[PDB]
Structure formats: C-alpha cells, structure tokens
Amino acid sequence: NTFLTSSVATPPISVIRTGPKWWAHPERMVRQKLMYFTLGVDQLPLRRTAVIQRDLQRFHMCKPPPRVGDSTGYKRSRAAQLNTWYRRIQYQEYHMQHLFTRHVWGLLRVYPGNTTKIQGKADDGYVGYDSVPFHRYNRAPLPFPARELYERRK
Amino acid sequence: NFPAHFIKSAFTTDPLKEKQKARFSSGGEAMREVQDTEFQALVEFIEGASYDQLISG
Amino acid sequence: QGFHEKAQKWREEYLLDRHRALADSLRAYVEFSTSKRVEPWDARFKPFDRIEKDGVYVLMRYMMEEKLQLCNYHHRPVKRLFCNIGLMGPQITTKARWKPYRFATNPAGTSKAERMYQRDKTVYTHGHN
Amino acid sequence: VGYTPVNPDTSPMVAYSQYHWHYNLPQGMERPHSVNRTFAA
Amino acid sequence: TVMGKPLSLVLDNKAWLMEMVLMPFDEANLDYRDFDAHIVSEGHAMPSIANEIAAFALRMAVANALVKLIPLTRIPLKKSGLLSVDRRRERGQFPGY
Amino acid sequence: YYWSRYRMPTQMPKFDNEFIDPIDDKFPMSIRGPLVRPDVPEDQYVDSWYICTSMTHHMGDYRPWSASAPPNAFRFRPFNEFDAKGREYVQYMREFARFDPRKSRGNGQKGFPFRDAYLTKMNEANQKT
Amino acid sequence: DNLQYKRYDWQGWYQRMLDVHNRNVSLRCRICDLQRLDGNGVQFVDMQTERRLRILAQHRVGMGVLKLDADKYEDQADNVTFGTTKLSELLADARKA
Amino acid sequence: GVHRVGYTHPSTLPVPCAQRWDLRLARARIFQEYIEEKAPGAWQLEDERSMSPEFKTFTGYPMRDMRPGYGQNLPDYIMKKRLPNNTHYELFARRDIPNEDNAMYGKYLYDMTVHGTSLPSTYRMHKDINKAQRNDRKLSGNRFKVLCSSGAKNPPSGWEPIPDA
Amino acid sequence: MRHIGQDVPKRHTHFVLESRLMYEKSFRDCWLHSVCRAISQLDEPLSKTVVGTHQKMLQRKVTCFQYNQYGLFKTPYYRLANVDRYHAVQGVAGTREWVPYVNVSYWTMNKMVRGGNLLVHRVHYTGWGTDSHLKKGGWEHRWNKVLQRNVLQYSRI
Amino acid sequence: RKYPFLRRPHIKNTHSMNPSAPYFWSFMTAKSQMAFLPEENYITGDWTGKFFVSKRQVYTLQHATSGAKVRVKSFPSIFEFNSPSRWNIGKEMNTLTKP
Amino acid sequence: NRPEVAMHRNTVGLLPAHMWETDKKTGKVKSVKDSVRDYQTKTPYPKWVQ
Amino acid sequence: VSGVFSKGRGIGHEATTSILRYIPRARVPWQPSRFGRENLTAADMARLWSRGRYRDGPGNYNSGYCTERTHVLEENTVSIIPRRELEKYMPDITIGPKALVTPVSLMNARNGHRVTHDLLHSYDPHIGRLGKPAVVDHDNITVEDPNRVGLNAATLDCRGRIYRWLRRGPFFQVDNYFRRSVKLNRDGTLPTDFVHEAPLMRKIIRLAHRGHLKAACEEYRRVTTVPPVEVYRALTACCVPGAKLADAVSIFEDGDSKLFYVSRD
Amino acid sequence: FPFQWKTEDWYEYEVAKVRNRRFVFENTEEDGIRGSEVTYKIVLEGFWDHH
RNA sequence: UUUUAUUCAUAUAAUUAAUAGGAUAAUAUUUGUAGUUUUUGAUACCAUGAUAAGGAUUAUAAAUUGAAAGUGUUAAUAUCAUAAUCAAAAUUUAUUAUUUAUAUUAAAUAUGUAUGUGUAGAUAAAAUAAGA
C-alpha cells in the first residue's frame, strides 16, 4: 500500500493489552467490519472482541472488588480462566484480521510493506526498495526493478 | 558574630527613655484615648463555625 | 616542538589534494547530470502500471518521448514535464507513485538494488555520483 | 548582606518590613509635604 | 448544531462520539427530535474537536441545559452522573521532562 | 542616623513534621471541615508574598457572602433570575431583538450584533424551515 | 512618572522616553459629519465621494469612522499637524469624484 | 495560470469610471507606499494560524509574512523594520547599571551634599579595616604597590620616616 | 589600576558598564548602517529620477562610505554577551540561564527571589501561570499578543 | 546543554567540511553572487601593517597575481597560504583551513 | 547549474576538461596542472573601471 | 616599591601652584594622594589610550596601528605584512577623516551624534576632558586621537566618565553642541554674519522674494547658524499675500523665543 | 434557532469584529450615557489589585 | 547405606578610581570651574547557602460536582560575609534523552559520514486525561 518501509513485529499480547487506543479503536474496528462485510463473511470474532472491549472499558474506572473476600482457591482461578479465554478470542480476531488483510491485498494487487508475506503470490515475504540490498531473513539479493507481483494491465 | 537582639523587655528599657515616654504615654492618656464553665467551653468551641472562624482542635 | 611547521605542511598538502578533489567532484557532478538515469516512477501503481502498449505508455512514447530523452529521465524534470503536459491531470502527486530519491538517481541500466552503495565515495557530491 | 548594599526602593523586604508600610493597608498618602511654598529659592 | 455546523459534521460522523451527546435525552426519557440545541465553543478553538473528552464536555453541557429547561430531568441525569464534572487535567509544560 | 529608624524593639508575648500544630492538624477532617481559612468571598484574599498562605487585604474584619450580593439574593447572584451565562445570553438575545444596522455607525465592537443569530439569519439554507 | 523616575537625573530621559512612546495621535472624523453642504452650495461629500474615500482608505476607515493614527514625529504637536495634512490630502483626492 | 494582466482606460470604456489600478496608484501616492513590482500573484498565502477563528491562536491579524526566504539583510526588511531607538534596549542601556545608585546621582556629589566627604565603597572600607588589624598584629609581609612610584623612589626633602623597632 | 584600587568584589562587573557603550553606539549607528545596506543591496531602480548607471555608482559609493565608517557598530544583538549587573554571571538568552525582564542571570534571579529583593508571585513550577495568553498558546501566543498591542492596532497613516 | 537554534555560543565551532561540488557557491558564502565583497577585502584607513588577514575575506585573483603573502589564524600559531592557485576563487578563507 | 530546478541542462561544455589530467582508463581526474601560470586575461578588473 | 607608573607630572600652572601651596587643600580622607589620568605623561597616556580600545579599536594587534613589526604567539614569532604589500591585494578605499563625520542635520537621526567613531565623542567639556576642557573637532577626527575627547571604558578614570555619560538628560548632546557653537557676541551683535551660511541666506531671500515659500522653508530646514533678521522679514513678507497667518506666526516664533529674539523686528 | 451559518461569513464576521475596536466615536450628540464633548480615561497602575 | 527508553559535541589568551545644571527665568565668561607623586586580598581562591535524591494519612452512609501533592537528612556542588600572585576571547575538544526510503540547500557562515535480520550488559522513569 502507501506504507512500504521496513517494519518491526510485536507480540499479539501487546496489541491486545493496548485497549481503546489502537486495538479497540472504534474507527479501526469499523474498517475491519467493512472489510469482512464487503467480502460477505460473518464478523463473529470481531463482535466478540468488540463486546469484550466495551465491557472492559465501561468498568475500567471502577475499583476491583476486595480480593480478600474472593477465594484464592477458586475465584482467582476462575478469573484467570476468563481472562485467558478472552485473550484467546482476541488472538483469533487479530489473526483473522491479518489473514484477511493479506488476502485483500493479493486480490487488489496491493504491494505490502517489506518482508510481508501474502499467501498465494509471495509466499516468502515481498521486499522492495529497502535500505539493505539483500532480502532480510533470506539473504537473497534484490534487483532494482524489485518484483512485479501482478500482471501489468489495469 | 551574632548581634544582640535582647528579646527581654527588661533589657531594652532605660530610665532616660522612660522619662520622655511617660509624659506622652501614661494611664490617664491611655484612658483618654481608648474606649457554667462547661457551657462556656462548649459555646467557645461551637462559635468557630462562624463565617470568620474555623473549627479548632 | 615543530608542531606548527608540521601542521602548516599538513594543511598545505591537504589543500593541494583538495584542489584535485574539487576538480574530480565537479567532473563527476557534470557527468552525472548529463548521463541518462533510470525511469523515476514506480511501475507498481495505477498510472504507470498498464502494459507498455496501452494507457500512459503510448502517450509517453508518442507525445513526450523527445522531452523525456532530453531530460535524461531525471526525476524532477520528468515530474515537471508530466505536470506541464496535463494529459494526466492532477494525478501525478495524488495517485501516481514515484521511486525514492537515491533509487531514482541510479544510472540507466542497473538491475541491482546494490547500486547506490557502489557509487564513488571519494567524490564529495551529496549523492550525485 | 554583602558588599553590594540592598536597594531600599524596590526591595519587598524593606518595603513591607515592620519599619515601613505593608501592602495590606489603605496605602494612603503618609504626609502632605510642602517645601517650595514654605520656603522657596 | 455545534458552532453553526451540524453535529455529524462537527464530530465527523462518529457514532461513539455522538452517542454521548444523545445520552441525556435517553436518561431523561425524552425525545431527541423535540428540542433545538446549539453549542458555542468558548475554550481553545481547534479545527477538530472529534474526541472523547470534547464529547464528554458536550454531553455535560447538554445535560445542564436539559436540567435548566425541565427541572424534573435533574434526578435521572444526576443519578446517571452526567452533571458530575471530573477535575482531571493534562500535565502542564515543564522542561525537566 | 538613617539606621536609627530600624531599632524599635518588640516585646515578647505574655503567657499564662515542622510548622504544624498537632492538635489542630490532627483534628478529624469530617468535623473540622476541609477548609484552611474562613469561607468568605475570595475577593477578600490576596496571595501573600514570601509566605505560603493567603491573607486578607482588610486586616481581619471578614465580610460574609451576603455583604456582596443584593438583599435576599438567590445563591448570592447579582440577579436571581439567571446565572452568569444565562445573564449573558439573555442579554445577547434581547439586544439582537432590537439590533438595527444603522445604529452600528460611530461606535466600535458594540455595533456588532449577536453573531450566532445574525449569521444564521444571513444563511440562506436557514430561511427554508 | 511619580514613583522612582522623578526628582533625579534619570527622570528627564525617562520622561522623554515616555513622550516618544506616546507620540501617537489619533484623529477621528465621521462620514455623516462630512456629508454637509459646503460654502459653495453643494454637498461636501456625495455617495461617489464617500465610496472613493472608502476605497482610498482601505483599513483607515471603519464603522463609518475615518481614523488616522500618526506616529510620524516624536511629539504630538507635530503628529497632529502631520495627521491634519494627510487628512486634507485624502479629502482633496476623494472629492475628485 | 500564466497570463498578462490587462488594463482598460476609462476613455476607452463605453461608460467612464475610476479604475481600481488608478485608485491604487492614488492611494499609494497619498500614503507614500512602495509598490513591489516583483510580488508574485501565486503567493497569496493567508496566515491561517492567526486569521482562522477555528484555531486557538486566532488574533485577527496576520502575524507572519509567509516567506521562507526572509531575513534582515534584504532592503524590504530594512525599509519596513523598526529602529531600536527609544526602545527597551535604550531603557536597559541606562537602567541596568551594575551600581544602582549611579543613574540617579553622582556618588561624589551625593556624598559631598549629604555628608561632608566622599565615602569609599563598603569593600574598600572592609579592606582598610583589615589592613589596620593586620598592621596592628604583625606589620610585616606587606608590599608597597602604588600607582606612581616617583614619590616613593624620590621622597620629598625633609621627609624622615621614624623606625618601628 | 591593576587590582590596587577597585572598590568592587567582582572586577568583571565593569563588562556591563562597557556593554552599555555598545548599546549606545548601536543606537547611534543603527539608522546609517541600515540605510547604507538597503541602498547598496537594492537592485531594482531606486525611483523614476535615478536609474541605471547612476544607481550603480550611487550603490558603490554608498558601500564605500559604509566600509570607510570606522567604529560603526554593526553587530547582531544575540552575539552580545549577557552578564548580570550584580554578580557578573553570564547567561544565554533564550534559556533558563537568563531572565529577560530583570536582565539578570538565573543565579542572581534565584538569589533575589529566595531573599527579599524582588517582588514576584510564585506559581506552579510546571504550569502556564495566571496569564490567559500564556494559557492559550504559550510563549509564542504571548509574543504575538505583545506584537499586536505594540504595532498591529494603529491605523499607521 | 542546549542553546537557541542558530545562536550557538561557540562561534568557531563551525567545521567547514570539504567543499561540495553540486553547490560550491550556496554554502559558507554570500546567498547572492551579485552582492559586494565584505569589508575585509579592502583598506579602510592608513594602517601600519596587517598582522594576518581574517578568515572572512573572500579569495580573489589578485591574491595569486600580486604574490603578497597572506596568512590566517588556525589551531597553530599562523597558517600562510603558500603556493597560490586559481581554483579557489570566490570562496572565503574559512573554507580552506580544515581545523 | 544547481540541482534545485535545472540540473539536466548541465553540459560537458561548461566543464573545462583541459586544466587537469584525467585517467584515460577510468575517467577520474588524476592530477591538475597549474592555473595561475601564464594565465590569459583581457582585463583583471572590470573594463568600465578606471 | 611596586609602582605601576615610574613617572608623573603635575597639571597646575607653575605661576599658581607655588602660591596655592600655602593654602591647605582638603584631600579625600580615605585616599589623599590622587593620581588621575591627567597626571600621566604623554607616552604613558598614548599607550594607555591605545590599550583601552582592545576589543574594537586599534588595541588588538591584528586590528591595525600596532606599530609592532613582529608578534610573539604560541612560542613562534611572526613578522608583520606592511601596508604597501597589503594594498596590492586589498584595494584601498580610504576617504579620510571627512567620512567619519556626518552632517549636523543627521544629529537627530543619529541620536545626538555627528562623528562615526569607535568611541562616543561627547559634546560637553566634562566627559572627554583631559586637563583642558573637552573640545571635539570634526576636521581632525582620527583613530590616533591626539585629544582624548572620546569615551572608552578601559582607561584609568573610565568608570566615572561612563557613569556621567549614561546619566545624561534628553537633548544633552544637541544642547551642548548648539550652546557651544552658537552664542551671542561680546559686542552684543547677533551671530548672523557667518560666511559658511551667507549664500544659503541669500538663496532663501531670493526664493522668498520670488514667492517660493515652500522652497525657502525647505532650505531653512538645513541651516545650522542663526539666520539674520532679513530672512524672517522676507519669509513673513512672502507669507503676507497668501494670508498664511499660521505659517507667519510659526516662522516668527521659531526665531523669537528660540534664536536670541532675532525675529523681534 | 438553532444557529447555522457558513464558514466564509463566520470568518469575515470574526475578523471584522476583531479589527473594528478602536473605530469608536466617543464624543457624539446622543443623549443619555453616551454623547459628550470631551472624554478622559485615567489608567491607574499598581503592584496589587486591591491597591 | 505493569509499562517506556538510553551512540549525545568544544573547555580559556594579559590589565577596570571625580563632581560639574543652557530658549520663553530681572542679567555670575562660573563662555571654556585646570593644587601630580605614601600605598597595597582574590588578571586564579569567598565557605558558606541553596539544590539534588526524597517518603507521611483522615475523609460512615446519604447529598453535593463535590471535600483534597507533601518534607528531614545524607550527599555532591558552587558564582555569597570571611585567608596576594593570577580562565573567558586566538575556542578541536571529545560535555545522556537525534530527522531511516513517492518528491530532499533562497537570504546573518549554518555539517560527507555508523545501511547491515534492529540483535548484549547495565541504567533511568511513571500508577497524575486518560483507558495494569
């Protein structure tokens, strides 16, 4: 797309921990919903993470209930189970978002950023006009007309 | 080293100055120029709720 | 002891070398300016994407070929010519995509991304060969 | 304190000390001085 | 209408920002399309006030206007905490940081 | 001498962390009240220089809130009908209700009418209701 | 000055600085006051004369008041005569319509 | 786009009128305004940061010239700039004296009027008193640094310093 | 002359006294230098009366006179050294080292504030202060407001 | 320590690098080449002899044609521009020192 | 010409290419000959002066 | 003895000192012996004055007028390039003393100054005075400064001079210059007989009699001396036909209360 | 009501209101509070507000 | 048998004592006021103040939009009141929080060298209109 420079990768836990700033930003979530809808597939994981984020952000101000009253034997384990279950749902949504972004890029002839893999037509990470002459993680030298991934016309 | 301040009121008055002070300021001149313990303690304490006072320990 | 004389002689030699370095740098700058560069447009986006026998390429090869040859495919005059011709419109800066500076300042035929690092380093010309 | 003497005109300490006029006062004229009319030159 | 422009244009047609302005008319159990409301900006004018804090300020202003207009709407809005101002303020400038 | 002025002595009073009185400071907040000074109008206080407290421009002689508002004023307002913003915008509406462009000559900013109503009157889209 | 820039040597140049800083003189004249019959028997400024005057004074006229602020000379006594001279020039050129 | 600005004479006009360029020339003559000939027409950049009410820093006046290549060297800046005469610079140049009690009055004149003799500085007095104490204690190790050595190398006739011990 | 009689604890305090002379000479020679520079650098015709070779010769004569002006003060003000008049401490304008209004160094200003020698009102160390112009844009906004008050309010006939 | 932009208290900290061929004129020189030479190139009054020419003086043909010795102040006691050439014309002396 | 607006208009004719000896194999400038020696000038100062 | 100066000379005349020595003089109690700048010898005064302007004036070795053929720095002495060799590649544009002095009409625009010198030349005989009263001659303005009428802050008694200069009233320079240059003659006649302005007076008379009052006033703007009564007479006469009462009163007052009541005719 | 305007009119109104502040004719022929022959404005300056 | 970051750049050169007023004022050449030479702490020493680091705890429930940042000491440093032989213009001299790939020098002389898969050890910071 318009962003073609080198990029670093971050664990999904970091983006999930980022709340209603990037991961749960309503505009970005609406864009993801539009991407799913224009492809005509259900947005079940997106809606699950949306309701999870809404519930979390609504009560983030409130103080936690007294932990002494809660039973460490069972209540703490139940809370950890629920937190892990929510985190797994958000992981699934994150993976789905990345997969569908790659797929839409491939369909629309959109050249991704450097070292970005688009299954079906790159399969090893497209790199073009990078600061390093060689392909990162592959050590393959790169030509100046970097790579024509798609057909010329249109 | 340390200047003598003499905070004592008996170390800063002398008869020579008192002679001239008495004529201008004396008892007559001052008079001329000027115009239930539990309950008393309780009212003293609660009068601190006035608009110009504060509750004091 | 003698450092004044040593530094004076060192600076004399440095200036004598600097004269030749300036001459070589001016020669290299003129040669880079007069030498044809590579096509300074990204061939991966809508305008400069179609086949060579259709779209913008036929217009380039039948309308502005002589001007492009005279400007030697330098990115600034190429963009200015594309703006002046107006047959493409305001798309040059809004929809058209172009190669970066040091990638579009490469010679005519490179075929290798490791070309900007192989240029002459003794010539002080701010990245102009 | 110091070889350089303090300025009694713009120093808030001397201006608002016990021997001068504080800023929480009516700030009226201290005395109606008349020099030129009592004895001109 | 906010500063002579429609609320949708002022908030850039963002549902999560316009719902805050809508909230008082729901908490008071009223109808939004029964009142004309205008918002006048008197703080720092900015080209875009499309943000959560600005929406909160708009919601507070609308709640106060509703309370002034219909006195009985005071109880629902107060119980929902729409007239409760938060004294939170961003850190001031300091060369140390 | 000049220094003879700065020699008046003050006599000591006659009796019968740091800086804080434990008895008054440790008094419960819910009883003492979250106040460090009398609750009189703030116009009577001036931030003391060189001291971290606020004194009154009138030595003692505190005036209550009712000494600044009209008699039997609501919430100590100058007028019981509206708050500050009500008194401002009602005034704006009243002056726009009789604004005449011819009267604006001569004076400066006072000739400009209530902008919110003037511009909405000058807007053609608002004419059609 | 009456605080610390009197009765001493620096008082003179402080007062001179004050006068030079306040040398500005503002002359205000109303167009309605100009729109009167002159000695010859015609209106001193007509509609066209007023329009020409407003064009000549792009920002010096405002709210129907012609204001000329003269800071040309260090003293108000010369600023006033410079302002009167320039106003006379402007009126002479504006009456040409 | 690129064009040539046209002018039509009132005599050539079907109905005569005062042209805006003629009015501009008259206004320039009246107010002694320099007409810049090399002002490009495609640089009508409004100082939006000070003219747009939608901005915090709105002031109603253009606070910038919107020319990147603008400096104090160019004659336009020289002509339209302000001289520092009678400014805060002039105030500081006479008020920020290291010794405050010298802008109001001369020290010698003030001493000769209020007192009978010119007093020295506090530092000079302290040095003199310290010299007095040192002379009382030791009276040795001192130099004889003076401005003019003529009076010390050739003492006046009839001058006999008495010994100490 | 050389540390025999100085009457001052800091001998560098005379630098302020001699810098006042620099300011006085700037006030003397600012108009002449500015006019000479403008006339020399201007390339477009001066007027309808003088054009061409007359203007070129006038420019060269003006710049020759300007170069012959020996002792004319032509120095950028930021190159002038700023030292407080009380303690001879040097400070850089534009940083916290220097206080513009008092025209004293940071050390001198701090000493005078901790003592009872200056009438200032303490505010929060990490805020904008009481001033509305400072709170509504900061140093640049107050700068623009000062400019508007000083100049951009007159008709300037 | 930070100081206002283009107002560094150090005046000689500016390290004039090797001259750049592409500009070679809009760098360390006058912004316009129609401006007159600075005052250091000329003689104001009747002097008794200049110790060394300052580094702000521009280089001219007369420096190499006249043959008179020219020198500037650098890290050593002095530096004389021995073996005059014609390649450095229109440039100031600060660009030919490399401190 | 500076590379700001017009750089492709530079031509080798502007380059002297005679006051230096260049490498006949690579093309770089090997050495530079003396320039002040027997320099040819019609007028060291502008003609209109004096 | 660590004397700064080996020699010194008195300033009072030998006819008056020998008689005034019998009258005791009240010296300063904390410093009876005073050795001011005047008591210095000619060579010592020249050296001190040259050293005074080390920053901007010829005090710096490389600035000029250093009169030294070699400079010792960094343990390496360097000879001096003479002016004859310097002028080969430095074209001389010297004008002389006539360049430093600006016309009298530029005093107001130069903040009460005429000479464009390194030192501020005060017009009062108390700041640049050295024994004799300070007199500033504009036809002998040179860097060497045989008369020490300039103001510098590196001499023996510079502090008091700087204090006096900074503690000056408005129109100090202009008032001193005008009062010292123009005054009533001892014979009681008006100072209206100068030759350097007489052609200007005749020109103004001719313009006034031709009726060019504006030109006459423009020329009168540039006068430096007191004009004769004929100038005022002609100006008023040429203002008579135009009924310019304000102009006539102004030109009368400009000479009545300001210039020795010349217009009182 | 409600107030809706256009951006150009709003900008012009704001700029005009800011500009037209000193263009006030103080001495008029109007009866009442305004309208007089001479107007004196005394500006008092002090270190303290209550002063 | 919880979260964030860290490659940081100028640094020495030489001389410092006094007061003196101008037009519209009933008169001052005071226009243009003339008595060398017996003293010496900092061109390099004042030790004493501030600062850095930096903590404390009562507000039940209803109402109200409310009723809510505070410092010793230990340390280092320094320009101040305190103990005479010498740093501030001639600056190389190494002094923490920097712009990473569509377009890159026009007004006071304003930076040509570190691309390498962003890969160590240590160090600092915050629960403050944000969303552990």
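Residues numbered from 1 in each chain as written, not as in the entry; some residues may be left out. Chains lettered and ligands numbered in written order. Part of a larger assembly, values for the part shown. Heavy atoms only, no water.

1. Digging into the overall build of chain E
A tally of regular secondary structure across chain E gives four helices and zero strands. Tracing chain E from N to C terminus, the helices and strands come up as α-α-α-α. Principal-axis analysis of the C-alpha atoms places the extent of chain E at approximately 50 × 30 × 20 Å. In chain E, of all internal contacts separated by at least 6 residues, the share reaching a separation of at least 24 is 63%. Only carbon and sulfur atoms are counted for the fraction: they give 54% of the accessible area of chain E, which is about 6600 Å². Across chain E, 12 positive and 11 negative side-chain charges occur, with their mean positions spaced 9 Å apart. (Helix = DSSP H or I, 4+ residues; strand = E, 2+ residues; numbered from the N terminus. Contact = heavy atoms within 4.5 Å. Areas by Shrake-Rupley, 256 points an atom, 1.4 Å probe, with all protein chains shown as cover. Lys, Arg positive; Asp, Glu negative; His and termini not counted. Charge placed at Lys NZ, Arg CZ, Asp CG, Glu CD.)

2. Let's talk about empty space enclosed by the protein
Estimates place the volume of the largest cavity at around 200 Å³. If you go around the largest cavity, you meet 17 residues; those closest to its centre are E18, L21 and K25 of chain I together with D56 and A153 of chain L. In terms of residue count, helix α1 (residues 14–41) of chain I provides more of the lining of the largest cavity than any other element does, four residues in total. Split into classes, the residues belonging to the lining of the largest cavity amount to eight nonpolar, three polar and six charged. Considering only enclosed or pocket space, the second largest cavity measures out at about 50 Å³ in volume. Around the second largest cavity, the lining residues are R18, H19 and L22 of chain C together with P19, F24, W87, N88, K91 and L96 of chain J. Of the residues that constitute the lining of the second largest cavity, the class distribution is five nonpolar, two polar and two charged. (1 Å grid on protein atoms, 1.4 Å probe; cavity = no way out; pocket = protein on both sides within 12 Å on 5 of 7 lines; lining within 4 Å. Points joined across faces, edges and corners; volume = space filled by probe spheres on them. Nonpolar A, V, L, I, M, F, W, Y, C, P; charged D, E, K, R; others polar.)

3. Observations concerning the interface of chain I and chain H
Many structure descriptions define interface size as the accessible area lost when the parts assemble. With 39 residues of chain I at the interface, the matching set in chain H holds 35 residues. Each partner contributes to the roughly 3400 Å² buried at the junction of chain I and chain H, and carbon and sulfur atoms together form 59% of this total. For the chain I face of the interface with chain H, the top three residues by lost area are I4, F27 and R85 of chain I, together amounting to 17%. Linking chain I to chain H there are six salt bridges. (Buried area = accessible area lost by both parts, 1.4 Å probe. Salt bridge = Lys/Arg side-chain N within 4 Å of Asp/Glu carboxyl O.)

4. Some thoughts on the protein's contact with RNA strand N
The full set close to RNA strand N counts 154 residues, and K78 of chain E, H126 of chain H, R79 of chain I together with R25 and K183 of chain L are the nearest of them. If you look at RNA strand N and keep only atoms within 4 Å of the protein, 57% of those are sugar or phosphate atoms. Separating a base nitrogen of RNA strand N from a backbone N or O atom of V123 of chain C is a distance of 3.1 Å. Between RNA strand N and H3 of chain I there is a distance of 2.6 Å, counted from a phosphate oxygen to a side-chain nitrogen or oxygen. For the surface near RNA strand N, the element with the most residues is helix α6 (residues 122–137) of chain H, which contributes six residues. Classifying every residue of the surface near RNA strand N by side-chain character gives 57 nonpolar, 44 polar and 53 charged. (Near = heavy atom within 4 Å. Polar contact = N/O pair within 3.5 Å; in protein donor to acceptor, adjacent residues only side chain to side chain.)

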